[PDB]
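Student: Chains as they are written, first to last, in the entry's author numbering: chain 1F, 291 to 438; chain 1V, 1 to 115; chain 1r, 1 to 72, 90 to 112. Where is the CB? At the ideal position from N, CA and C, for every residue including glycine.
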Amino acid sequence: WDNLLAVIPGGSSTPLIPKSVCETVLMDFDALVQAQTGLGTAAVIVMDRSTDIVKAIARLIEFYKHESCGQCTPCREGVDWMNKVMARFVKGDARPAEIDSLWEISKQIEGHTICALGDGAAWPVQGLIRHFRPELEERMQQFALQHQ
Amino acid sequence: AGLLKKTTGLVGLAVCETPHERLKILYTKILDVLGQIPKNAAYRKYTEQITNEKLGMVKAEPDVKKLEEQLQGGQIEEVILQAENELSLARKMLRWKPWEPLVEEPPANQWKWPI
Amino acid sequence: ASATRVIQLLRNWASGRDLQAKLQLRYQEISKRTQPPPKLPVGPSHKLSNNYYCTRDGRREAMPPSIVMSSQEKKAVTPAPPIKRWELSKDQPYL
Ligand code: SF4
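#1: Kindly identify the DSSP beta-bridge partner or partners of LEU294 (chain 1F).
#2: Would you kindly work out how many angstroms separate the C-alpha atoms of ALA41 (chain 1V) and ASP108 (chain 1r), rounded to a whole number?
#3: Among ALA434 (chain 1F), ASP338 (chain 1F), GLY300 (chain 1F) and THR341 (chain 1F), whose alpha-carbon lies nearest the alpha-carbon of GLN326 (chain 1F)?
#4: Check whether the Cβ of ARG366 (chain 1F) lies closer than 6 Å to any heavy atom of ligand 1, and answer yes or no.
#5: Between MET317 (chain 1F) and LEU329 (chain 1F), which are expected to be in contact by the criterion C-beta below 8 Å, what is the C-beta distance as a whole number of angstroms?
#6: Quick check: is the beta carbon of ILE50 (chain 1V) nearer than 7 Å to any beta carbon in chain 1r?
#7: Would you list, in chain order, the members of the segment 24–50 of chain 1r that have their beta-carbon closer than 7 Å to a beta-carbon of chain 1F?
#8: Does any CB atom of chain 1r fall closer than 7 Å to the CB of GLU100 (chain 1V)?
#9: So, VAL369 (chain 1F) versus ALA411 (chain 1F), is the Cβ gap smaller than 7 Å?
#10: Of the residues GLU388 (chain 1F), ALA434 (chain 1F) and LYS309 (chain 1F), which one's Cα is nearest the Cα of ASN51 (chain 1r)?
#11: Please classify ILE7 (chain 1r): does DSSP put it in a helix, a strand, or coil?
#12: Less than 7 Å between C-beta atoms, sequence neighbours within five positions excluded: which residues of the same chain meet that for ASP383 (chain 1F)?
#13: With three or more C-beta pairs closer than 8 Å as the rule, is the segment 28–40 of chain 1r touching the segment 372–381 of chain 1F?
#14: Could you check if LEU350 (chain 1F) belongs to the surroundings of ligand 1, using beta carbon to heavy atom distance under 6 Å?
#15: Any heavy atom of ligand 1 inside 6 Å of the beta-carbon of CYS362 (chain 1F)?
#16: Please list, in chain order, the chain 1r residues whose beta carbon lies closer than 8 Å to that of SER391 (chain 1F).
#17: Can you find the residues in the same chain that come closer than 7 Å, C-beta to C-beta, to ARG22 (chain 1V), ignoring five residues on each side of it along the sequence?
#18: Mind checking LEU23 (chain 1r): buried by the 16 CB within 10 Å criterion, or exposed?
#19: Would you mind sorting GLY417 (chain 1F) into buried or exposed? The rule is 16 or more other CB atoms within 10 Å of its CB.
#20: Compute every distance between the C-beta of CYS405 (chain 1F) and the non-hydrogen atoms of ligand 1, then say whether any falls below 6 Å.
#21: Mind checking whether the beta-carbon of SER358 (chain 1F) lies closer than 6 Å to any heavy atom of ligand 1?
#22: At a CB-CB cut-off below 8 Å, which residues of chain 1V make contact with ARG102 (chain 1r)?
#23: For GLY408 (chain 1F), is the beta carbon positioned less than 6 Å from some heavy atom of ligand 1?
#24: Return helix, strand or coil for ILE37 (chain 1V), following the three-state DSSP convention.
#25: Does the segment 330–343 of chain 1F come close enough to the segment 351–369 of chain 1F that 3 or more CB-CB pairs lie under 8 Å?
#26: For a test of the three-state rule: what should DSSP assign to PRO308 (chain 1F), helix, strand or coil?
#27: Along chain 1V, in chain order, which residues have C-beta atoms closer than 9 Å to that of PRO99 (chain 1r)?
#28: Using the Cβ count rule (16 or more neighbours within 10 Å means buried), how would you classify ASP57 (chain 1r)?
#29: If you count every other CB in all the chains shown that lies within 10 Å of the CB of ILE298 (chain 1F), and 16 or more means buried, which is it?
#30: Say whether chain 1V places a C-beta atom closer than 7 Å to the C-beta of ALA93 (chain 1r).
In C-alpha cells:
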C-alpha cells in the first residue's frame with residue numbers, strides 16, 4: 291500500500307484515484323460516483339510512486355487519440371490538442387496557467403461530443419488535474435530549471 | 001443681502017437692487033396665472049409644487065446671499081429672470097392646452113429603429 | 001547658444017528676461033533617434049485561463065432603449098441635481 295501512488299479505479303475513462311481518497315472507498319457504482327470517478331468495468335490498475343502519473347496517462351491519452359473516429363469536432367480536434375499539450379506536460383513545457391487552460395478545454399469537450407468517448411477522454415485528464423496538481427507545477431518547475 | 005453686488009458675472013444680465021420682493025411679486029404672479037388652468041392639469045400640480053414652496057424661503061429668509069443655496073438656482077439676478085420665463089411659459093401653455101389625448105397616434109410602425 | 005555674452009546681454013535686457021535658460025530651438029537635450037526596441041505589454045484578457053468571450057460582450061450586452069411610457090401624491094424632479102457653483106481657483110483667482 292505504501293508503494294502505490296494511484297489506481298485506475300474501474301476503467302481507463304474513469305479518472306484515476308490516489309491513495310488519499312482510495313484509503314476507504316468501496317468499489318461500488320455509487321461510492322465511485324461520489325469519488326469523482328466510476329466503477330465502469332472494474333478495470334483496477336495499480337501503479338506505484340516510481341512511475342510518473344503524467345507519463346502514465348500520457349500513453350493512455352495517446353491511445354485515446356489513436357482511437358477517436360473523428361466524427362464530431364470536439365473529439366476529433368480536442369483529443370489531439372490534448373495529446374500535444376500533454377506531451378509538453380511530460381517534460382513540463384507549460385506555464386502554471388496551462389493546467390487551467392487544459393482544464394478549460396477538458397470541460398469544453400466534456401458532454402459536447404456525439405458519443406461518450408469525448409467525455410471519456412475528459413474524465414482521466416480531469417482527475418489527474420484535480421489530484422496531482424502540485425506534481426504538475428513542480429514538474430514544470432524542473433522543466434524550466436534544467437533548461438534555463 | 002449685504003453690499004450690492006457690482007456685477008453678476010454675466011454680461012447683459014444686470015444686478016437688481018430689490019431682488020427679494022421682486023421674486024415675491026413674480027412668484028405670486030405664476031400662482032395667479034395658474035388659477036385659470038384646470039385642477040386636473042399636470043402643469044398646475046408641478047407648478048404649485050415648486051412655486052409657493054420656493055416662494056417659501058424668499059418670503060421667510062430675506063438674505064439673498066443665503067437665498068443662493070436655498071434654491072440651488074445660481075445667482076438671484078437670473079433666478080428672477082428664470083421666474084420671468086416661467087411666468088412667460090405659463091402663458092404659453094395657457095394656449096397649447098396639452099392635456100388632451102394625442103393629436104394623432106404615430107402612423108403605423110414608423111418608430112422601432114432599425115428598419 | 002554660439003552667441004557671445006555681449007548680445008546675449010542685449011537679448012536679455014531688451015526682452016526683460018533671460019532667454020538662455022530656455023530657447024525656442026532644440027539642442028542635445030532631445031532623445032536620440034535610435035531608441036531601443038520596446039516590449040509593449042499584453043492585453044488584460046490575454047490569459048489562456050478562463051477568458052470566455054461570453055463574459056465580455058460589449059457589442060452584444062447593449063440593450064434596446066428601455067420602454068417606460070408609450071402612446072400605444091406625485092413629486093417634481095429634475096433630469097439631474099442642479100449644478101454646483103465652483104469656487105475660484107485657489108492657485109490664482111484674479112488675473
Ligand atoms: S467523440 Fe465519438 S463521435 Fe465524436 S469524434 Fe470522438 S469517437 Fe467520433
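Tutor: A quick look at the data gives this:
#1: Position 4 of the first sequence, counting from 1, holds the residue named residue 294 (chain 1F). Looking at the DSSP assignment, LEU294 (chain 1F) forms a beta bridge with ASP338 (chain 1F).
#2: Taking the first residue of the second sequence as position 1, residue 41 (chain 1V) is located at position 41. Taking the first residue of the third sequence as position 1, residue 108 (chain 1r) is located at position 91. Taking the straight line joining both Cα atoms gives about 51 Å.
#3: Within the first sequence, numbered from 1, the residue matching residue 326 (chain 1F) stands at position 36. Of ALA434 (chain 1F), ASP338 (chain 1F), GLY300 (chain 1F) and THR341 (chain 1F), the residue nearest in Cα terms is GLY300 (chain 1F).
#4: Within the first sequence, the letter at position 76 stands for residue 366 (chain 1F). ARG366 (chain 1F): yes, Cβ under 6 Å from ligand 1.
#5: As a working mapping, residue 317 (chain 1F) is identified with position 27 in the first sequence. As a working mapping, residue 329 (chain 1F) is identified with position 39 in the first sequence. About 6 Å separates the two Cβ atoms, so the contact holds.
#6: In the second sequence, residue 50 (chain 1V) corresponds to position 50, counting from 1. For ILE50 (chain 1V), the answer is yes, since a Cβ of chain 1r falls inside 7 Å of its Cβ.
#7: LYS47, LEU48, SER49 and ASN50
#8: By 1-based counting over the second sequence, the position of residue 100 (chain 1V) is 100. Chain 1r contact via Cβ: absent.
#9: Mapped onto the first sequence, residue 369 (chain 1F) falls at position 79. Mapped onto the first sequence, residue 411 (chain 1F) falls at position 121. Against a cut-off of 7 Å, the Cβ pair of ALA411 (chain 1F) and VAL369 (chain 1F) comes out as a contact.
#10: Your numbering for residue 51 (chain 1r) matches position 51 in the third sequence. Closest by alpha carbon: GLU388 (chain 1F).
#11: Here residue 7 (chain 1r) is taken as the residue at index 7 of the third sequence, counted from 1. Helix, per DSSP.
#12: Locating residue 383 (chain 1F) in the first sequence gives position 93, where the first residue counts as 1. Only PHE433 meet the Cβ criterion.
#13: no
#14: For this step, residue 350 (chain 1F) is matched to residue 60 along the first sequence. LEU350 (chain 1F) Cβ: outside cutoff for every heavy atom of ligand 1.
#15: As a working mapping, residue 362 (chain 1F) is identified with position 72 in the first sequence. Within the cutoff, so yes.
#16: Against the first sequence, residue 391 (chain 1F) aligns to sequence position 101. Within 8 Å Cβ-Cβ: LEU48 and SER49.
#17: In the second sequence, residue 22 (chain 1V) corresponds to position 22, counting from 1. Within the same chain, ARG22 (chain 1V) has close Cβ partners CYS16 and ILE80.
#18: In the third sequence, the residue the question calls residue 23 (chain 1r) occupies position 23. When all chains shown are included, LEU23 (chain 1r) counts as exposed.
#19: The sequence position of residue 417 (chain 1F) within the first sequence is 127, counting from 1. With 16 or more Cβ atoms within 10 Å of its Cβ, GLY417 (chain 1F) is classed as buried.
#20: Locating residue 405 (chain 1F) in the first sequence gives position 115, counting from the first residue. Under cutoff, so the answer is yes.
#21: For the purposes of this step, residue 358 (chain 1F) is taken as residue 68 along the first sequence, with counting starting at 1. Yes.
#22: Taking the first residue of the third sequence as 1, we reach residue 102 (chain 1r) at position 85. Chain 1V residues near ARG102 (chain 1r): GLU68 and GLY74.
#23: As a working note, residue 408 (chain 1F) is residue 118 in the first sequence. Because some heavy atom of ligand 1 lies under 6 Å away, the Cβ of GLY408 (chain 1F) counts as near it: yes.
#24: By 1-based counting over the second sequence, the position of residue 37 (chain 1V) is 37. Three-state DSSP puts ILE37 (chain 1V) in coil, outside helix and strand.
#25: no
#26: As a working mapping, residue 308 (chain 1F) is identified with position 18 in the first sequence. If DSSP states are grouped into helix, strand and coil, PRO308 (chain 1F) belongs with the strands.
#27: Numbered from 1 along the third sequence, position 82 holds the residue referred to as residue 99 (chain 1r). Those are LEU71, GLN72, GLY73 and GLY74, listed as they occur along chain 1V.
#28: Position 57 of the third sequence, counting from 1, holds the residue named residue 57 (chain 1r). Label assigned to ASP57 (chain 1r): exposed.
#29: Locating residue 298 (chain 1F) in the first sequence gives position 8, counting from the first residue. Burial call: buried.
#30: On the third sequence, residue 93 (chain 1r) is found 76 positions in, with the first residue counted as 1. For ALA93 (chain 1r), the answer is yes, since a Cβ of chain 1V falls inside 7 Å of its Cβ.
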